[PDB]
């Protein structure tokens, strides 16, 4: 009939570096029915047992896992997790697939809600990723070796053979250009415009060993291990401080860009969207998403309504800090 979803965990008691690739969290191969998706972070946590190995977890489990495994900062964890859950999880069972559809998330919600997992395209997951191809080309979740080869190429050209912040700036812009030129459904606005910059610095801030204090840069071996194999480097120690999107601003400034998309189902036809969220108008992202949730859940009642209200509030608690103050919306009133 359903779960009563608890408020998100706070920060971990211990916030320093530590061994995360340890005896209690061994890499193991996929079994039948195990789910993996477009996020190398969650994928690696699932394959080392920080998350359930089947790739289906509660919001609370995702938050604690991203903190324990990578020292992902608490508010950033709350923003990403409840965003993913509101749009893509099952609010009644309190379960989110880190990939595609699975019976493991329980009885489906009323359409047009889906609980289809992080693989679902168009409101959260979107285009111009580093190691995943645009959904237009048929597969938005699998590792793509051609794209990884470009990641290596750009690390060679701009980072001495390593991925660092200079590489991130160049690669991000170049991936946007690829999508403009080849993807007539290319969209780069709202949630995706914001997340696309953060994702490019997560490899630097979270995938580089926390014992590296200076000149933080990711080897291609470590990159392949995580992005392709869902495996922590040997002896991997997490970031020494909670972290998330530090430096994303510099990535944007290296190649200024404006939210938008290819119009009228044509390539090389990128038109700006002045209504989209951007980095000086973050609250629009909050409003946009609450709107999206209303489209998914036009008239909820009972436990679904109750759990929607709670999850929306949980998300707001993170958003309010991360976005620097947003007026809470109450599309379903109060409890």
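Residue numbers count along the first chain shown, from 1.
Note on 77-85 vs 175-183: mean CA B-factor is higher in 175-183. Averaged over Cα atoms, the B-factor as recorded in the entry is higher for 306-314 than for the other of 40-48 and 306-314. Within the listed group 192, 255, 132, 231, the record reports its top CA B-factor for 255.
Annotation for 247, 99, 111, 160: 111 ranks highest, by Cα B-factor. Among the modelled residues of the chain, residue 72 sits in the lowest third by CA temperature factor in this PDB entry. Sort the chain's modelled residues by C-alpha temperature factor and residue 150 lands in the middle third, per the entry.
For residue 222, the recorded CA B-factor ranks within the lowest third of the chain. Only modelled residues enter the ranking. When the modelled residues of the chain are ordered by their C-alpha B factor, residue 259 lands in the highest third. Sorting the modelled residues of the chain by their CA temperature factor places residue 136 in the highest third.
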